[PDB]
Amino acid sequence: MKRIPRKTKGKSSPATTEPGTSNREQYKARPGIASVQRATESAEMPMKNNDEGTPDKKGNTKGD
RNA sequence: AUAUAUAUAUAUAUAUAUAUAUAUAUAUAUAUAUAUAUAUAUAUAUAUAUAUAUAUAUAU
């Protein structure tokens, strides 16, 4: 058995040295990885919800 | 009173020296241009701190 936590509030509550593994990192990306990752993080986000106008569980529409 | 010779002064010519203007060479200062270096400001990236917003927790 394993447990997964909820993100919402619910209703009820030998020479093994291989001859190729040596690291020689001489390469810098163009564009750099760090820069592009930051940019993708922003477009990655889903667009915001628009609750206004809709009713609530009580029955009254929310908004101003 | 006259002539020749001699001395001083004025004028002219030749030689030597000085000052001003002009020309050539050398040096310095200012300006412009180029190059290098430094500093400052602006922009980009990384790290730290502060503030604000969202999520979570605590308090009212």
To the nearest µm²/s, what D does Stokes-Einstein give for chain A at 4 °C and 1.567 mPa s, using the Kirkwood radius over alpha carbon pairs as Rh? 67
Hey, what number do you get for chain A at 222 nm if only DSSP H runs of n ≥ 4 count, each worth -39500 (n - 2.57), divided across all residues, to the nearest 500? -6000 deg cm²/dmol
Surpassing 20 Å at the alpha-carbon level, of the pairs A:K7/A:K48; A:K7/A:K62; A:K7/A:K58, are A:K7/A:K62; A:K7/A:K58
Using +1 on the beta carbon of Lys and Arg, -1 on that of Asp and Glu, and nothing else charged, what's the dipole of chain A about the Cα centre, debye to 20? 420
Name the residue from A:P19, A:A34, A:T8 whose Cα lies farthest towards the positive end of the charge dipole of the range A:1-42, charges +1 on Cβ of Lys and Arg and -1 on Cβ of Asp and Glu. A:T8
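Every read-out reported here was derived from the displayed coordinates using simple, explicitly stated rules and does not represent laboratory data. Neighbour counts run over all protein chains shown; Cβ positions are idealised from the backbone, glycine included.
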